[PDB]
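# Working through the structure, step by step
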Amino acid sequence: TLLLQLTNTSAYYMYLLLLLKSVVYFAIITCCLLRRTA
Amino acid sequence: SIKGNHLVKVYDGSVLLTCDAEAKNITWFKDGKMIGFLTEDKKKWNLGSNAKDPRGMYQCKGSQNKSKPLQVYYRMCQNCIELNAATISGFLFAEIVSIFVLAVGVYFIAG
Amino acid sequence: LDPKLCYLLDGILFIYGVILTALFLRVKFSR
Amino acid sequence: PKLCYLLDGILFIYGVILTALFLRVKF
Amino acid sequence: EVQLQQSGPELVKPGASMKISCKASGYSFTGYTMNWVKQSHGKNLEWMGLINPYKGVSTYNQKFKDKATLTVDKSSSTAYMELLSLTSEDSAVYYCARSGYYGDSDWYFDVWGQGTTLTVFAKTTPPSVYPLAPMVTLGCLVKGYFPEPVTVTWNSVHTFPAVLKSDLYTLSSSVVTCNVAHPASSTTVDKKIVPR
Amino acid sequence: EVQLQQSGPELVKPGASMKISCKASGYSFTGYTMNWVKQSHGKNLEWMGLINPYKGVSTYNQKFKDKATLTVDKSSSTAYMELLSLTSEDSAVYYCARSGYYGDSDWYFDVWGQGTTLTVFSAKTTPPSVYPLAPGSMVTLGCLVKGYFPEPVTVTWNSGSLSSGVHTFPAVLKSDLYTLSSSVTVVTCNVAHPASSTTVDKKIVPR
Amino acid sequence: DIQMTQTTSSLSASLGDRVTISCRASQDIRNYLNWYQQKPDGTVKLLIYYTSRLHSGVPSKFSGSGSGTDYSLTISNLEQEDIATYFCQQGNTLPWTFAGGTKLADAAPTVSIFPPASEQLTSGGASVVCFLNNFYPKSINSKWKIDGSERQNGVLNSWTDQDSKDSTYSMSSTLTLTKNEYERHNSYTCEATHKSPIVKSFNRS
Amino acid sequence: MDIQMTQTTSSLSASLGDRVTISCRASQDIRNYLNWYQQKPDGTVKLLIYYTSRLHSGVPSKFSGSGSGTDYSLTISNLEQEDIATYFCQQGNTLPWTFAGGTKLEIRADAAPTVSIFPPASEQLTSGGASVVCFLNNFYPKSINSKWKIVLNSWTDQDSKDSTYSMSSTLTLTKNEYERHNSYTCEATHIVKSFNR
Amino acid sequence: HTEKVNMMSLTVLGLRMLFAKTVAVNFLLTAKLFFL
Amino acid sequence: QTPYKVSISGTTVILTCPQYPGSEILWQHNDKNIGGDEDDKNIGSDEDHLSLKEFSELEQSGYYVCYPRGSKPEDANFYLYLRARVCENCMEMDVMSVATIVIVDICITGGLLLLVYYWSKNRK
Amino acid sequence: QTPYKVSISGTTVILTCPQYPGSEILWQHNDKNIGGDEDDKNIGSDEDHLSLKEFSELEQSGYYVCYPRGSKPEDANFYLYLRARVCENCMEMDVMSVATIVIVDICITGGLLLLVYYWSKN
Amino acid sequence: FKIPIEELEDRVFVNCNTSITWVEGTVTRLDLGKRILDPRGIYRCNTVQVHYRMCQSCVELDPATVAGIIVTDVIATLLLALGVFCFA
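Residues numbered from 1 in each chain as written, not as in the entry; some residues may be left out. Chains lettered and ligands numbered in written order. Heavy atoms only, no water. Residues with missing side-chain atoms left out of burial classes, pairs and counts.

## Digging into the domain arrangement of chain H
Residues and elements named next belong to chain H. Rules: Boundaries of every domain are those given by an automatic assignment or by a domain database. In the scheme used here, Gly and all other residues not listed as nonpolar or charged are polar, with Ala, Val, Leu, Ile, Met, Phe, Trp, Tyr, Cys and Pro taken as nonpolar and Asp, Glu, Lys and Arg as charged.
Here the domain parsing of chain H yields domain 1 (6-106) and domain 2 (114-196). Here the C-alpha centroids of domain 1 and domain 2 sit 36 Å apart. When its residues are assigned to classes, the side of domain 1 that touches domain 2 shows one nonpolar, one polar and two charged.

In structure tokens form, the structure reads like this:
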């Protein structure tokens with residue numbers, strides 16, 4: 001059951017990194033929308 | 001053992017920092033600085049869970065002089081990721097595919 | 001190999017879903 | 001071993017209703 | 001030293017409420033159950049109740065569940081009874097008796113008390129003294145006083161205990177001057193015994 | 001059986017270098033610590049040093065840090081000492097002794113070597129100069145072997161037939177030269193020195 | 001509940017004796033019984049518990065025994081500090097039930113009759129007394145006769161406990177009557193009948 | 001800094017079958033880490049006791065060890081011909097390990113030496129030197145003082161038969177110094193024998 | 001320590017739900033940003 | 001005084017004892033002496049290092065003490081308790097490590113998104 | 001006949017004995033009487049509840065029997081075996097409850113999405 | 001009487017002097033499975049109510065991470081509600 005813990009924590013930082021990629025794409029698209037409103 | 005002033009001993013996730021001295025009061029130091037003063041009748045310091053993996057100097061002192069300081073060094077990982085072939089292959093798969101999808105979406109705001 | 005294959009199939013299903021919704025919305029909503 | 005299969009089943013449910021919409025709109 | 005002490009005589013009118021105290025010393029007061037135990041007529045003993053001093057829970061005799069309320073003051077380490085609607089039947093000697101906290105030691109009462117003699121029946125009636133004249137036997141009768149005691153001495157000897165009749169006490173002394181002192185009514189009579 | 005066998009008696013000069021071996025047998029050689037011990041003056045034992053045969057690390061006495069260098073050939077299970085720049089203090093009996101590998105049992109030496117007599121001397125080989133000793137006036141006769149090198153010499157009386165009441169004293173050194181005495185009580189004193197290849201049969205007559 | 005009784009309410013035992021006190025319960029109380037000693041001054045202490053054990057401070061002269069419903073306490077070498085009453089308490093069922101307890105030469109009563117004085121006749125009452133001192137045992141009947149007729153009303157009996165010197169009892173038997181009722185009769189008598197009886201009389205006139 | 005280990009007795013007088021004790025004095029407290037070894041006169045050193053009390057494999061039970069702190073002891077009963085040897089003590093705390101001087105066993109009644117004086121031979125006079133020799137054979141105990149009146153001294157090991165000692169004292173001069181004096185004397189004390197040139 | 005392992009599994013599910021929600025909202029946002 | 005240096009890579013744990021420099025270091029684990037000629041060739045010793053490969057949790061975790069040659073195991077001024085979970089190719093993800101990989105991922109995402117935006121900008 | 005109610009909530013175990021109504025109840029652990037000891041305050045017997053705080057599994061588990069006031073520890077024949085974990089801020093559920101909460105999240109998210117779209121449409 | 005429960009080799013069972021008369025819970029030596037499935041039961045022979053909580057699917061959630069995940073799920077579904085508000 002240690003191996004499932006290793007894959008779980010590897011997926012934890014992998015999905016945190018994927019969340020960071022989606023967050024920064026949301027940040028660029030928010031800057032684009034704010035430039036569109038101005 | 002009791003000889004050589006090695007009175008600090010280590011026995012759930014939490015672990016017991018047991019000291020062999022007089023059972024009245026134990027002044028317990030970490031890294032040579034005052035941290036704990038445990039009274040009757042508790043004698044086993046709980047450093048936390050072994051998942052928290054505490055490290056460093058721990059020593060006890062009773063009515064006599066201070067005991068020889070013992071290092072604790074736990075490596076119960078609970079944050080350790082493994083570099084097998086499939087794991088790093090999946091990491092590169094996720095990284096390359098996510099970068100590709102964001103690049104495709106960013107390309108599609110060419111206008 | 002169950003959890004790693006589960007995350008792999010999660011990513012594959014994510015990719016299939018985003019591709020199919022991009023195709024569906026783009027071809028059936030014009031531009 | 002079970003919870004991730006529920007999340008993949010939910011994504012499969014979204015994908016299959018999306019594919020059903022694609023099939024109904026492609027004819 | 002472990003000791004349980006109680007209050008005084010506590011002359012209480014019938015139908016009223018009485019407070020009987022018990023100070024505990026020499027031990028952890030909350031760590032031992034304090035029973036209260038009734039002695040009626042000087043001969044018959046009856047268990048009346050118990051109180052847990054730590055938790056305040058009282059378990060009563062079903063005869064005395066409506067005649068006693070047990071309280072505990074842990075700051076002064078004193079266990080109290082308040083007896084309710086007491087009659088002249090409840091004129092008895094009440095002891096505080098220490099037993100164990102738990103069920104293995106709560107059936108024997110190890111440290112008892114001196115006793116509170118709640119004599120209930122009447123005001124401080126002044127006594128009436130009568131000489132008794134025919135070895136030779138002489139006597140002195142102290143009738144119609146309330147309550148006990150009277151310190152009867154001869155010339156400043158059998159002192160019989162006082163008996164109640166119509167809520168007046170009667171005492172006799174056998175042996176010449178009879179001296180009677182009653183601190184309740186503040187009476188001090190000296191009578192010389194002479195033959196008839 | 002467990003035994004340590006060393007080299008023979010060895011002979012060097014001042015300022016030279018000497019090598020002593022010690023074969024270990026009967027036990028696991030690399031699982032025990034070797035100890036070189038020096039016995040000087042015939043009386044005092046001096047622990048010179050210790051060898052880990054596995055790791056090759058050697059711990060030296062602070063007096064004998066530069067007076068010895070300790071090596072081990074593990075293929076033949078043999079320990080070695082090299083004394084560098086020997087002086088007159090280094091003519092001693094040298095011992096290899098087996099102690100435990102670890103600190104619980106390395107402080108006591110279980111088995112020892114037989115010990116090698118190592119001699120340091122400025123001079124060279126000298127043929128003997130035996131002469132008899134008669135009284136000037138049970139009569140005691142003597143035989144003196146003075147002016148020879150090296151040890152040992154055996155003194156027999158009348159080709160070994162006369163052996164009762166014979167006291168052959170151990171030799172002593174002066175001017176880097178050995179002298180030794182023999183006493184009989186009653187005659188031909190026979191001295192054999194294989195180092196100088198000398199065989200002297202001195203008949204004893206009164207003076 | 002379970003009735004807890006003692007067969008011997010009073011017993012006679014000499015100084016330095018081993019005597020037994022018997023206790024009977026209505027049901028079997030599983031040897032959950034404690035004996036207590038109450039000295040006549042008022043203080044009471046735990047003598048023994050669980051029908052066999054010994055409390056701290058209680059000497060080894062007190063030994064309990066018994067089982068089922070029948071229990072006993074045996075006391076050896078009875079001293080002056082041993083003169084007390086003894087109590088068996090069940091510790092089996094609530095409420096705990098105690099018993100009546102036991103209390104621990106053949107003399108004659110010095111019966112002296114006493115007429116009232118002139119103070120009481122001016123007070124309006126009349127108490128005629130009879131003193132019965134230094135007699136043994138406690139079993140006695142005091143019969144009062146007014147003019148040769150037996151009377152039962154107004155009888156007041158005061159007994160004094162056994163002293164440490166003579167080991168005997170003192171009884172006071174009093175009759176209280178009105179002054180007009182006292183003047184209606186002339187002969188007042190008290191009789192002490194035990195098993196022989198000693199009588200004493202006086203005349204009012 | 002090093003432990004100056006010392007033995008109180010360097011030569012012990014005993015007897016066959018006796019019981020004797022040997023006392024070793026540690027300079028510092030050494031936690032019962034003493035060892036006792038036996039060196040026979042041929043040169044063989046063998047371990048007898050380690051950790052102040054523990055017997056080795058093969059040592060006889062007649063050897064026993066005791067002591068604590070800075071003072072330890074060897075008790076040996078029923079001495080044999082094999083047991084006559086020099087007994088060493090070694091500390092075990094801190095490097096270097098240090099031995100003491102040792103305690104040899106001596107095995108009788110006081111006896112006078114057989115004293116024999118010998119003039120230089122004619123062979124040595126033709127060689128050039130001149131050696132006067134004095135054999136003090138079969139004296140007990142080993143303590144003796146030799147005085148030469150007008151120096152090399154060689155003792156003997158204690159014999160297994162007579163249980164005594166022998167000493168050879170020789171004085172060597174040149175021919176000119178030997179011819180300069182006529183009377184020579186050597187004296188032993190603990191009997192005077194002399195000659196004339 | 002299966003409790004920490006199962007907690008890690010539960011927060012992996014929570015982060016996966018968060019990823020699904022942000023992927024859906026970011027797809028909707030880019031569809032709007034190319035849909036005037 | 002000077003603390004023990006424990007370096008764990010994969011299943012190999014190396015214990016270093018920087019106190020007592022130069023002298024030969026002997027190692028005791030669970031008051032049993034290891035680091036010499038034993039049947040287990042995994043437990044090896046160096047000038048300072050004690051190496052344990054194929055480390056196992058339930059027997060090789062315990063009380064490790066380094067002591068110089070001649071000095072007793074009880075005469076050491078130190079002790080160590082070690083209980084380690086080891087696996088193949090496992091690294092602990094410390095706070096500095098995760099901060100560095102997330103900041104280099106943010107930097108490479110910003111740079112690559114700028115590049116694929118400007119590629120479309122030149123294709124506009 | 002009435003069984004005990006055991007509620008394990010973090011580092012706290014609650015034992016309730018509902019067979020004896022309203023009587024003063026004292027508790028026993030492995031034939032050792034506990035509850036209201038006036039020391040070691042992590043165990044307490046307030047009302048019907050033994051509240052054991054920091055429940056050490058190796059030393060606070062085993063037998064547990066309640067008895068009313070006036071009843072012996074040795075004539076009560078209804079014993080409870082207690083053995084539990086003491087994981088801090090830690091509770092127990094299977095795949096069913098986490099599936100239920102993620103299904104609840106799906107339901108409220110889809111309902112809010114449809115409701116917001118319909119409200120903005122009208 | 002006091003019925004002993006045997007817990008050996010990760011197996012929990014009962015060993016009474018007579019036949020065990022179960023009344024309520026998990027149904028001379030009567031088995032009860034292992035000790036990790038949490039057996040609960042009431043038994044009486046010539047009464048013990050065993051209640052085991054060796055949890056096998058317990059989660060140890062700290063309040064810091066589970067509140068952060070929930071509050072960022074709330075801002076996720078508020079953003080997705082902010083999505084379709086911008087759509088219409």
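## Observations concerning the sheet that holds strand β1 (residues 3-6) of chain F
All names here are of chain F. Put simply, the rule is: A pair of strands is labelled paired if DSSP reports no fewer than 2 bridges between them. Only DSSP runs of H or I reaching four residues or more are called helices, and only runs of E reaching two or more are called strands; each is numbered from the N terminus. All axes are obtained by fitting lines to C-alpha atoms, using only the stretch in contact for helices, and the reported angles, taken between N-to-C directions, cover 0 to 180 degrees.
Here four strands make up an open sheet; going across it, the order is β1-β3-β8-β7 and the pairing antiparallel. Each end of this open sheet is capped by a strand with a single partner; those strands are β1 and β7 (69-73). Each adjacent strand pair in this sheet contributes to an overall mean axis angle of 25°, direction not counted. Sheet topology places β7 next to strand β8 (residues 78-84); five bridges connect them, and they run antiparallel. Across the sheet, the residue bridging to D73 is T78, located in β8.

## Digging into the interface of chain H and chain F
Reports of interface size often rely on the accessible area that becomes lost once the parts have come together. How we decide: Should any heavy atoms of two residues lie within 4.5 Å, those residues are considered in contact.
With 43 residues of chain H at the interface, the matching set in chain F holds 39 residues. Among the secondary structure elements, those contributing two or more residues to the side of chain H that touches chain F are β4 (35-39), β5 (45-50), β9 (86-90), β11 (114-118), α1 (122-127), β12 (129-139), β14 (152-154) and β15 (165-174) of chain H. Looking at the side of chain H that touches chain F residue by residue, the classes come out as 21 nonpolar, 20 polar and two charged.

## Some remarks on the packing of aromatic side chains
Our working rule: For this analysis, a ring pair means two rings from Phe, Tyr or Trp (six-membered ring only for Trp) whose centres lie within 6.5 Å, classed as stacked if their planes differ by under 30 degrees, edge-to-face if by over 60, and tilted for the remaining angles. Whether a charge sits over a ring comes down to the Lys NZ or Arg CZ being within 6 Å of the ring centre and within 35 degrees of the ring normal.
For the coordinates displayed, the defined rule picks out 68 aromatic pairs over all chains. Grouping aromatic residues by their ring pairs yields a cluster made of E:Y95, E:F109, E:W112, G:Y36 and G:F98. When the ring centre of G:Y32 is taken as origin, the NZ or CZ atom of K:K72, which lies over that ring, is 5.0 Å away.

## Examining the packing of helix α1 (residues 85-107) of chain B against helix α1 (residues 2-29) of chain C
What counts is decided by this rule: The labels follow the angle: roughly parallel below 35 degrees, roughly antiparallel above 145, roughly perpendicular from 65 to 115, and oblique for the rest. Each helix crossing is assigned a hand: it is left-handed if the near helix lies turned anticlockwise from the far helix by less than a right angle, otherwise right-handed if that turn is clockwise.
Remark: α1(B) packs on α1(C), axes separated minimally by 11 Å, with the N-to-C direction vectors making an angle of 15°. With respect to each other, α1(B) and α1(C) are oriented roughly parallel. In the crossing of α1(B) with α1(C), the sense of the turn from one axis to the other is left-handed. Of the residues in α1(C), those touching α1(B) at B:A86, B:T87, B:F93, B:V97 and B:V101 are C:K4, C:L8, C:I12 and C:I15. Of the residues that constitute the contact of α1(B) with α1(C), the class distribution is seven nonpolar, one polar and one charged.

## As for the nonpolar core
To be explicit about the condition: Here, the term nonpolar core denotes a set of buried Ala, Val, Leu, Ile, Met, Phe, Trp, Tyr and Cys residues that are joined through side-chain atoms within 4.5 Å. Remark: exposure states derive from per-residue accessible area (1.4 Å probe, protein chains only) relative to the maximum for the residue type, with buried under 20%, exposed over 50%, and partly exposed in between.
Among the nonpolar cores identified, the biggest contains 42 residues, and K:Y4, K:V13, K:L15, K:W27, K:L50, K:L52 and K:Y64 are the most heavily contacted of them. The residues touching K:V13, leaving out its near neighbours within four places in the chain, are K:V6, K:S7, K:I8, K:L50, K:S51, K:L52, K:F55 and K:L82. Judged by nonpolar contacts, the second largest core, of 28 residues, contains C:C6, C:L13, I:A20 and K:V102.

## Points about unusual backbone geometry
Cis geometry is found at the peptide bond from E:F146 to E:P147, where omega equals -5°. Within the secondary structure, E:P147 sits in the loop between β11 (139-145) and β12 (151-154). The amide bond that connects F:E151 to the next residue, F:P152, takes the cis arrangement and shows omega of -5°. Phi is positive for G:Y50, which is not a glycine, with a value near 60°.

## Section: the pattern of salt bridges
For clarity, the cut-off: Here, a salt bridge means any side-chain nitrogen of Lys or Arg that lies within 4 Å of a carboxyl oxygen of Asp or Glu.
This model, assessed by the stated rule, comprises 28 salt bridges over all chains. Taking the shortest distance from any N to any O, the salt bridge between K:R69 and E:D106 comes out at 2.6 Å. Separated into two different chains, K:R69 in the loop between β7 (62-68) and β8 (79-84) and E:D106 in the loop between β8 (92-100) and β9 (116-118) make up a pair that spans both. Overall, E:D106 belongs to the buried group, its relative accessible area being 1%. A salt bridge links G:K145 to G:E191; the nearest nitrogen and oxygen atoms lie 4.0 Å apart. A residue pair is termed long-range when its members are at least 10 positions apart, and G:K145 in strand β11 (residues 141-146) and G:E191 in strand β15 (residues 187-193) qualify at 46 residues. Overall, G:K145 belongs to the buried group, its relative accessible area being 16%. Salt bridges sharing common partners tie together C:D10, D:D8 and I:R16.

## Quick word on the state of the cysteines
The condition is simple: Any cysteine sulfur atom paired with another within 2.5 Å is treated as part of a disulfide.
Overall, the coordinates contain 17 disulfides over all chains when judged by the stated rule. Across a sulfur-sulfur distance of 2.0 Å, J:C17 and J:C66 are joined as a disulfide pair. Here J:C17 and J:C66 share a disulfide; its torsion about the S-S bond, -70°, makes the bridge left-handed. Of this pair, J:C17 sits in the loop between β2 (12-16) and β3 (25-29) while J:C66 sits in strand β7 (residues 62-68), and the two are 49 residues apart along the sequence. Each member of the pair, J:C17 as well as J:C66, carries the same accessibility label: buried. The disulfide that involves L:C55 links it to L:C58, with 2.0 Å between the sulfurs. When the S-S torsion is 75°, as for the bridge of L:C55 with L:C58, the disulfide is right-handed.

## Concerning the sheet that holds strand β2 (residues 11-15) of chain L
Residue and element names in this part refer to chain L. An order of β1-β2-β4 is seen for the three strands of this open sheet, with the pairing classed as antiparallel. Every other strand in the sheet has two partners, leaving β1 (5-8) and β4 (29-34) as the edge strands with one partner each. Each strand of the sheet is rotated relative to its neighbour by a mean of 25°, with strand direction disregarded.

## Looking at the environment of H:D2
When you line up the elements, H:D2 lands in the segment before β1 (6-7). In this structure the C-alpha to C-alpha distance between H:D2 and H:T98, which are 96 residues apart in sequence, comes to 8.0 Å. In this structure, H:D2 is in contact with F:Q62, H:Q28 and H:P96, ignoring residues within four places of it in sequence.

## Description of the interface of chain B and chain J
For clarity, the threshold we go by: Values labelled buried area give the accessible surface lost by two parts on being combined, using a 1.4 Å probe and summing over both. Polar contacts, as used here, are pairs of N or O atoms within 3.5 Å; protein pairs need one atom able to donate a hydrogen and one able to accept it. Residues neighboring in sequence count only if both atoms are side-chain atoms.
Between chain B and chain J, the contact holds 31 residues from the first and 35 residues from the second. Counting the surface lost from both chain B and chain J, the interface buries some 3200 Å², and carbon and sulfur atoms represent 60% of this. Sorting the residues of chain B by area buried against chain J places B:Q71, B:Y73 and B:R75 first, and these three jointly supply 24% of that buried surface. Inspection of the region where chain B meets chain J yields zero salt bridges. Inspection of the chain B/chain J interface yields 16 residue pairs in polar contact. Those elements that provide at least two residues to the side of chain B that touches chain J are β1 (8-10), β7 (70-75), β8 (80-82) and α1 of chain B.

## Comments concerning a nonpolar patch on the surface
Filter applied, for reference: Like charges are joined within 9 Å and nonpolar side chains (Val, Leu, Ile, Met, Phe, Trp, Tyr) within 5 Å, but only among residues with over 30% relative accessible area and no salt bridge; these make up the patches. Per-residue accessibility takes into account occlusion by the displayed protein chains alone, with areas from the Shrake-Rupley method and a 1.4 Å probe.
On the surface, a cluster of nonpolar side chains totalling about 580 Å² of accessible area is made up of B:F100, B:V101, B:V104, B:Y107, B:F108 and J:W119. A per-element tally of the nonpolar patch places α1(B) first, with four residues. Inspection of the secondary structure puts B:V104 in helix α1. Judged by relative accessible area, B:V104 falls into the partly exposed class, the value being 35%.

## Structural notes on the side chain of J:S45
On the secondary structure map, J:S45 appears in strand β5 (residues 44-45). Contacts of J:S45, omitting those with residues within four sequence positions, involve F:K55, J:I25, J:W27 and J:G35.

## Here's the deal with the side chain of K:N33
Looking at where K:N33 falls in the secondary structure, it is placed in strand β4 (residues 33-34). A polar contact of 3.2 Å, which involves the side chain of K:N33, links it to the side chain of E:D104. Polar contacts involving the side chain of K:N33 include one to the side chain of K:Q28, which spans 2.9 Å. Beyond its immediate chain neighbours, meaning those up to four positions away, K:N33 contacts E:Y102, E:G103, E:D104, K:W27, K:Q28, K:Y67 and K:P73.

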